[PDB]
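Structure, as structure tokens:
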Amino acid sequence: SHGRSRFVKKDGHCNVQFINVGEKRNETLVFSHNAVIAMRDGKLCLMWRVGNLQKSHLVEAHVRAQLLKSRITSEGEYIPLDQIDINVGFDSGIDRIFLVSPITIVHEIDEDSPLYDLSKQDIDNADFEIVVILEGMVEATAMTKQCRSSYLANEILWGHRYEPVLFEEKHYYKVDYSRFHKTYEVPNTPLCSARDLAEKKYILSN
Amino acid sequence: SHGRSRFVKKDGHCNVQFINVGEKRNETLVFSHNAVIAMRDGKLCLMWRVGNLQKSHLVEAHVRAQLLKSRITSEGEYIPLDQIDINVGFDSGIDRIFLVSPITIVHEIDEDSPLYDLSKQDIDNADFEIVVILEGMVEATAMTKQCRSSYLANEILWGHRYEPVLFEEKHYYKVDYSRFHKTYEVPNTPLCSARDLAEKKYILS
Amino acid sequence: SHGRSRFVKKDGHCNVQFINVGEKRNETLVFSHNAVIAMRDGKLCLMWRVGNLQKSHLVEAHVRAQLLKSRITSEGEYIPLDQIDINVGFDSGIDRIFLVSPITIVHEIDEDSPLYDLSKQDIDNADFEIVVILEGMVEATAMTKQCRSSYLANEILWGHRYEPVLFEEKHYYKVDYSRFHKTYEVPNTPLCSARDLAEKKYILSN
Amino acid sequence: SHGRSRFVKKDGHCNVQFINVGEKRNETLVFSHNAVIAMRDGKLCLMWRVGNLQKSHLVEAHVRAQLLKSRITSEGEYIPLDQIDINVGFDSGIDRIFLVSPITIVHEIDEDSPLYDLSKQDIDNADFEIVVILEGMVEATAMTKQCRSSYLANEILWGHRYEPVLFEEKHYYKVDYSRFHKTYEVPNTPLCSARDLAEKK
Ligand SMILES: [K+]
């Protein structure tokens, strides 16, 4: 379950060629146009993809995501912008990434997730916004980066997975960026909420 | 709920226009002149507002605060300056902020807070200083920023909340900086300490 | 609580004037020549002092300490340098400091400390080395500094406390650097180990 | 348990002389050519050595490792590259290293390690890759570095330990870089998995 070639050479260079990158952009960090919700290892997850269009070192790279909404407190205070962080692994250190080929960032929709109670229908009807961020510092250029994007509820594709971008050649790996934004539908995905899923699971565990 | 327009565009540009920022001199990181103490979601909180009025984003930003006072140890040792950390979310990572429009930083006055035993009258009589800090990197460079301010006990407004600065236009959001330092009164705010409120919550149950 | 003058002005200027700073140095971060062991609120602590003579603030400053020794594993492996981290607050974030006036860094000698079993007599006959480090970015240039020093066991003053350096004037605070390295002696300090202290406290209550 | 001389002088200078660094292909050489698996204090450990960069001395330094492989989820999804972080002390802060002389980084193969079930023969039949990373800031600058290397399963030497590189002289310590990549064999090393070593205690 590893390809023929090494992914990282002994000298630290990655053994990867990027193809179909398009026009050499000034910002080389990029997020997928859509986010997805799908099952992974028995858990309902929100995911989004991030990549570096070139072979630079993003040092001390890490990701965050926040749900953006207004809120009224119990005291009647109006909060125009409540920025609610969504768990992508801060507390265990797995928000920190080693970015070579595009990575799918994963938020598990568990009881602590803002999305725990949302079914496909709920999302279809909703108006919320998730901002996603990738920060680190590019080694060669000494530039601290904060790549930002946003998914509105209508840009999250319930029941989709990303197309593979990373392929093995005999001597190296290629990343096909023509597949970066591409997704496919998984009809087998539950349409109900993570909460419903956990209830249906307990009922069968007995 | 959400305004009509997106806050952050797909290309990462923040959909926000700043108004009433004033002269050149004022295009920096800034803290509100006052801090406030008020209830939020059934908890008494110390809050203060921070903003960025420059053209450049502050990357990997995070906040701290410390109460400054002298202290005598039980051994009789005089400590001229004790810098007692005030919890604004370090342990869960919520001290890390994504700073676009001005943010109200929140210290919950819980059992571990230096302010747990203090009522409005205690703050009135007190002379401590709370130093506030905002740090981060200048986007697209290797440079750093540290913004420092402080609030004397007499600059903390018990039973106040900040005026909103963030308003919805049809295609974008505006930040009105003329409201940044402004507050309103909440006469409803309890005048006792967070400890006392924690007790009045047993006398209920 | 507090002096007449604020310590930090609204504009972030610190209201401090430094006097008796040797003058014109290489290395403007400095550690006290000695470390001390003394009681602080019922607990035996190892302390050392750090100062900032820069023209600038030290941004994202934080401290560490390590005990340096060789050791042999149970398998017979010789480790020429085992670097044993000494707790100065990492786990709650209080290893992070806002360094204006000299700060006394405190290591509580508790059950998890390498020094838990060491009495004044033990230290008098010991040969270990404790390296102390202060890291951060110079505000003006983002230069990352790592200020390092070292205390051999014989450079630790059992039963000493630092002389105050920070004094109140009418409108400002003065930091007298002629007192930076100075200590005074506290004859009342127990001579036994932190573990002995914990046992006696236990015996007293039971 | 301490040499005659101090390792760090009062002024912060480290009392270490580096020798036999060579015209070495890279002055960028940071990681040992091989990783090892061996017992250390009754635990089976995966280890590898890292030195500081000769010409870019790194501070605020810290290490990471990941196991790289493909996997299929239970839903049938093919993941070309799963990057599973390997514990080297993040949670307690001991992933942060004060890197003067070459340090042997230690991943304890416990119940939570991806290697927990692998015996010497399992590693022989394996094709996985372990990426190792060192990051820090170049001392006295605002510049940053990420140094990488990699160990294929067949580059991990079961039952080996590194040769010492750090040596006491009278007034200082020398780091003999001629021994950096060298190992010795410990025939005494158990050949079973860390799971099996645990399930006999
Ligand atoms: K933690």
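Taking beta carbons within 10 Å but only from partner chains, what does the mean come to for residues C:92-99?
Details: counts 4, 6, 5, 1, 4, 3, 11, 1.
Shielding by partners across C:92-99 averages 4.
Place a +1 charge on the Cβ of each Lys and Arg in the protein assembly as shown and a -1 charge on the Cβ of each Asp and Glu, then give the dipole magnitude about the Cα centre in debye, rounded to the nearest 20.
Computed about the Cα centre, the dipole is about 2340 debye.
To the nearest whole number, what is the average tally of beta carbon atoms from other chains within 10 Å of the beta carbons of peptide A:33-44?
Per-residue shielding by partner chains comes out at 2.
Got a sec? How would A:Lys182, C:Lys200 order by Cβ neighbour count within 10 Å, fewest to most?
C:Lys200, A:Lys182
Considering the alpha-carbon set of chain B alone, what are its Rg and its Dmax in angstrom?
My reading of the Cα-based Rg and Dmax gives 18.8, 64 Å.
Pop the C-beta distance of B:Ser92 and A:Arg25 into the FRET formula with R0 = 41 Å and round what comes out to the nearest 0.05.
According to the calculation, E is roughly 0.70.
For the pairs A:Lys69/B:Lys55; A:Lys10/A:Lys55; D:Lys10/D:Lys55; A:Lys9/D:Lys174, flag any whose C-alpha to C-alpha distance is greater than 28 Å. The partial results should precede the final answer.
Numbers: A:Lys69/B:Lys55 24 Å; A:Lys10/A:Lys55 16 Å; D:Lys10/D:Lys55 23 Å; A:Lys9/D:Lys174 30 Å.
Correct reply: A:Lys9/D:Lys174.
Please give the Cα centre distance for segment B:50-109 versus segment A:109-173, rounded to the nearest Å.
About 30 Å separates the Cα centre of segment B:50-109 from the one of segment A:109-173.
Would you work out the charge dipole size for segment C:1-114 about its Cα centre, treating the Cβ of every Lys and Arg as +1 and the Cβ of every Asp and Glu as -1, and quote it to the nearest 20 debye?
Rounded to the nearest 20 debye, it is 980 debye.
If you take the square roots of the eigenvalues of the alpha-carbon gyration tensor of the protein assembly as shown and sort them as a ≥ b ≥ c, do you get rounded (a/c under 1.5), prolate (a/b over b/c) or oblate?
Details: a/c = 1.59, a/b = 1.01, b/c = 1.57.
Oblate, because a/c is 1.5 or more while a/b does not exceed b/c.
Rank these for me by crowding, A:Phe18, C:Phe180, D:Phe31, going from fewest to most other beta carbons within 10 Å.
So the ranking, lowest neighbour count to highest, is A:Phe18, C:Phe180, D:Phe31.
Return the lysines within reach of B:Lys200: Cα separation strictly under 23 angstrom, same-chain partners fewer than 8 residues apart disregarded; answer none if there are no such residues.
B:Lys43, B:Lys120
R0 = 25 Å: FRET efficiency of A:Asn15 with D:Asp124, Cβ-based, nearest 0.05? Each step should come with its number before you reach the end.
Working: r = 23 Å, r/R0 = 0.92.
Once rounded, the FRET efficiency stands at 0.60.
If I fit a long axis through the Cα atoms of helix C:194-205 and take the longest principal axis of the Cα atoms of chain C, what angle between them do I get, 0 to 90°, rounded to 10?
80 degrees
Going by how many other beta carbons lie within 10 Å of each one, how would you line up D:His33, C:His171, fewest first?
Ranking D:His33, C:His171 by Cβ neighbours within 10 Å, fewest first, gives C:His171, D:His33.
What is the magnitude of the charge dipole of chain B about its Cα centre, with +1 placed on the Cβ of each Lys and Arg, -1 on the Cβ of each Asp and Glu, and no other charges, expressed in debye to the nearest 20?
Values: 25 positive and 30 negative charges, 245 e Å.
Here chain B has a charge dipole of around 1180 debye.
Select from A:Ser74, A:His13, A:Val30 the residue farthest towards the positive end of the dipole of segment A:1-75; place +1 on Cβ of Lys and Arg, -1 on Cβ of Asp and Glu, and compute about the Cα centre.
Looking along the dipole axis, the top candidate is A:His13.
Only Cα pairs under 8 Å and at least 6 apart count here; give the relative contact order of chain B as a rounded whole percent.
Working: 408 pairs, mean separation 54.9, N = 205.
Worked out over chain B, it gives 27 percent.
Ideal geometry is used to build each Cβ from the backbone, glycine not excepted, and the neighbour counts take in all protein chains shown. Bear in mind that the values in this text are calculations on the coordinates, not laboratory data.
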